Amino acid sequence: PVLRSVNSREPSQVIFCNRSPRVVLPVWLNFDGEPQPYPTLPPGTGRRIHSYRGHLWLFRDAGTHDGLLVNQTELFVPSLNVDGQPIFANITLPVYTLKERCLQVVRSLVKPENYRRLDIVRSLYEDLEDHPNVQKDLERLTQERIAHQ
């Protein structure tokens, strides 16, 4: 695909900072662009990570696969270290829409087997069931990258 890591084989020292209240799963997109999980950061914590130039990164709630921002954006790709200075990846909550935020919370109180039993519009059962999905987000993001002329 378009959305994959380039096998540059050129190291870059990065810092992952989890400035979210969530447990963060960093997700590496391998050379074929298939998402590979890496070890989670607890909220607040930061950690160095040895990565390489042109390696595509993405960060999700480890528990729920909610999307998170890195440097106020969707994806993270380190440049080359300028004079061996580390690249910084600041991970934060996005401003979710109130609708999505509500969905997050209700998913957290209700087993999928019981979405149907909730006293609410038939449309919302479909939204609830539409769990945060890395794969799906990749397709939306890949169409966004082809629509940049």
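From 1 onward, residues are counted along the sequence shown.
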Segment of higher mean CA temperature factor, 23-31 or 78-86: 78-86
For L138, the third of its chain into which the C-alpha B factor falls: middle
Entry-reported Cα temperature factor of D66, expressed as the chain third it lands in: lowest
Chain third (lowest, middle, highest) by recorded CA B-factor, residue given as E113: middle
